[PDB]
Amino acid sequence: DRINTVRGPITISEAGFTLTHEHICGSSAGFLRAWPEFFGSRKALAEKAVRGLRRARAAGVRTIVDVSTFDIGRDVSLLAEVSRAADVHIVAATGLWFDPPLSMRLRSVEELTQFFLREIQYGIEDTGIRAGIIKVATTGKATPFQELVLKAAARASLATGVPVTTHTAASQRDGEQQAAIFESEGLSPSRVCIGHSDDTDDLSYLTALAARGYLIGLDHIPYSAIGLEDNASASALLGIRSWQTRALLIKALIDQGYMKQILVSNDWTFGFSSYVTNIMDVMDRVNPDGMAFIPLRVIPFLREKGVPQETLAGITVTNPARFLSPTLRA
């Protein structure tokens, strides 16, 4: 039915062009509140986010999905502030990424399910803001704790119709184990996006997941260290495959008939504290378009390669709404 955003529930008709894997700020729980000067100031960070969201809106974006979890330092009051100021819908997330503190990593699968349900059904912190997606992660074979998180996320999705989206080490085919765990919980693949999937060139892996009904998150398109290859930290984060190579995976999935299974995004952010201090600046140097990279650079690139505009509208408008609108089977 309706999709919860930080300003309240919206209808499918209202979502419009949606970026399905983004961030306002990539941090850690408590960090923005304890050390705002890391970001210059809270005001500076908010201003930067508003400018970038307005940039994206001007390029046609209407909704982003902020897949920052508790342990990414999600601050839903910041999300609400910038959503209002930029007039861009923002869907907030629950789940856990790969920096859970002791108070999360000691919890059982039932306890984690309760937490994710709280954030979806009741609200985040004392804000009343309800999550519209559940984010989870692996980096290779799931750790024991990550298996509990995947199972809890599946259970929370099965109780609410709120989809699950993942971080993968795509080149290691993590999506297969994630899918196997999800299906062992009875979760429908139509409620799951296997993200960071443009990090691999293995089209067989991607098409096989798409044929099983998964959504394939091609969310790293602007990530490339070309021109800065001997920046070790940037190379590790961004890789050295070109944005064009990544974008051509969108075309390849289209050409093999899987347009309904594709979700595209930038995995952008406006603040970034969980890595090297000035990674945000390096990223902004790599992709000055920020969140507008998909509409301004990727869509025209794919048009030039012969992809019809109606296909691209299906990917960027129709697929996200079908993914986000709550259901147990889409």
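Numbers for residues come from their place in the sequence shown, where the first is 1.
Stretches 57-65 and 299-307 differ in mean C-alpha B factor, with the higher average recorded for 299-307. Relative to one another, 214-222 and 135-143 have unequal mean CA B-factors, and 135-143 is the one with the higher figure.
Take 161, 257, 195, 101 and read off each C-alpha B-factor from the entry; 257 has the highest. Note on the listed residues 315, 24, 19, 321: the highest Cα temperature factor in the record is that of 321. In this PDB entry, the Cα temperature factor of residue 202 sits in the middle third of its chain's modelled residues. In the deposited entry, the Cα temperature factor of residue 267 sits in the bottom third of values across the chain's modelled residues. When all modelled residues of the chain are sorted by CA temperature factor, residue 183 is found within the middle third. Among all modelled residues in its chain, residue 81 ranks in the middle third by Cα B-factor. Annotation for residue 242: C-alpha temperature factor in the highest third relative to the rest of the modelled chain, per the entry.
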